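Colleague: Pasting the sequence and an experimental structure:
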Amino acid sequence: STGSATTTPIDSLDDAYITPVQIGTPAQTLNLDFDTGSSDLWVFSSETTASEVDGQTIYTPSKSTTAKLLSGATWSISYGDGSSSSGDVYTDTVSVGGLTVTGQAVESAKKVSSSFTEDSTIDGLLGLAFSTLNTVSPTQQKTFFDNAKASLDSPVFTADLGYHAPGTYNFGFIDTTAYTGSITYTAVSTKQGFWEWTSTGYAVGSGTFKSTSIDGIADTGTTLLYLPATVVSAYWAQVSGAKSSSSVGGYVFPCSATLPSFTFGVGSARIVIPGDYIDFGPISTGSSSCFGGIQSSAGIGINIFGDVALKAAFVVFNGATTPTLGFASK
């Protein structure tokens, strides 16, 4: 089998992407944030504290003939941005772009933090990291991809995120029309539960490439590119007036600037992030100080190849017995 679904930016900055997901019978379609940095499929639901729901579409298990309470199971998650959610668990039929999994754990939120409430466009998350990170207790549950894997034509999914435009998540096949050149594959460590890999270096604008190993995660659920302070300083030093602002919470730059590109290495191959991808707009409405898309990972504890990086590539998440990651230009 295969699946193919369009993923759409939630706003004009590409702060996140939503993908429609069919849950239950009859189908209830929720727009979920596909997150290769976590492993829980959770949704706003009829069980969510009413004051914490503000415009989201909810899953109502009682209206699904295929929903079954997973007795005794609870979940609770906190994300790298400080947000969180928790609740109980149902199993139900879940379909993404024509690909159907029966018995998928659907984690129903009883509580969500303010960040989720305040974002009306995201009805929940669909985790695509390794199932070892799944938070369901006392019986850990599998991701949608893990459940689908054996049925897929090939045990892969691909992320093709757009810049200020829709893109695609495919399951079970590689669309050879979706990228240019060849796909370069690189080793993955699953020791921390993430799609963790090692970039071979970077360049700033038309500058020379610096060969240096940068361990980090391919994370579709993180907006920005978070890299070591040395790398990030070297980037922003090429933008007149750019500075790290403790009050704003990262690098800002004059909105009048033209940003240089940023290149990262995948093996001997190179992925170029155009300068425009690194502009996240005014820090507050009407400001002439703009927020940068490349930020320091210092104090996160891990480097994160988030959407800023991934949207510059066609990315293969290869879930073979020994997983790997593939990157192509597009």
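Modeller: Cool, got the structure. Numbering: from 1, shown residues only.
Colleague: Residue 88 belongs to a helix?
Modeller: No: applying DSSP: H, G, I helix; E, B strand; the rest coil, one finds residue 88 to be strand, outside a helix.
Colleague: So what's the residue count around it?
Modeller: Neighbours of residue 88 under the rule other CB atoms under 10 Å: 19. Every C-beta, even on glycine, is put in place using the N, C-alpha and C of the backbone.
Colleague: what's near enough to touch it?
Modeller: 47, 69, 70, 73, 74, 75, 107, 108, 110 (CB atoms under 8 Å, 6 or more residues apart in numbering).
Colleague: Repeat the analysis, applying 7 Å as the threshold.
Modeller: 73, 74, 108, 110 (CB atoms under 7 Å, 6 or more residues apart in numbering).
Colleague: Check which helices and strands the strand or helix carrying the first one is in contact with.
Modeller: Assessed by DSSP states H and E, residue 73 sits inside strand 68-78. Applying 3 or more CB pairs under 7 Å, 6 or more residues apart in numbering; DSSP states H and E, one finds that strand 68-78 contacts strand 84-96.
Colleague: Where do the helices of the stretch 51-200 of the chain begin and end?
Modeller: Secondary structure of the stretch 51-200 of the chain (DSSP state H, counting those that start in this stretch): helices at 114-117, 144-148.
Colleague: Just name the most buried of those.
Modeller: Stretch with highest mean neighbour count among these: helix 144-148 (a mean of 23; mean count of other CB atoms under 10 Å).
Colleague: Can you list the neighbours in contact with that one?
Modeller: Residues outside helix 144-148 that contact it (CB under 7 Å, 6+ apart) are 41, 94, 96, 99, 101, 104, 126, 128, 131, 157, 171, 319.
Colleague: can we see that at 10 Å?
Modeller: With CB atoms under 10 Å, 6 or more residues apart in numbering as the contact definition, helix 144-148 has outside contacts at 1-3, 21, 32, 34, 36, 39, 41, 94-96, 99-106, 126-131, 134, 141-142, 152, 155-157, 171-172, 317, 319.
Colleague: about what we covered before: okay if I get the contacts of residue 88 as JSON lines plus neighbour count and distance to residue 220?
Modeller: Listed next are the contacts of residue 88 as JSON lines, based on neighbours: other CB atoms under 10 Å; distance: CB to CB, whole Å:
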{"residue": "73", "neighbour count": "19", "distance to residue 220": "26"}
{"residue": "74", "neighbour count": "15", "distance to residue 220": "26"}
{"residue": "108", "neighbour count": "26", "distance to residue 220": "23"}
{"residue": "110", "neighbour count": "16", "distance to residue 220": "26"}
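Colleague: center of the protein - which residue?
Modeller: For the chain, the residue lying nearest the average C-alpha position, counting by CA atoms, centre = their mean, turns out to be residue 220 (1.8 Å).
Colleague: got the contact list for that residue?
Modeller: Residues counted as contacts of residue 220 (CB under 10 Å, 6+ apart) are 7, 16-17, 19, 33-38, 126, 128-129, 159, 161, 169, 195, 305-307, 310-311, 315, 317.
Colleague: Give me the nearest residue to it, chain neighbours excluded.
Modeller: residue 36 (4.5 Å; CB to CB, 6 or more residues apart in numbering).
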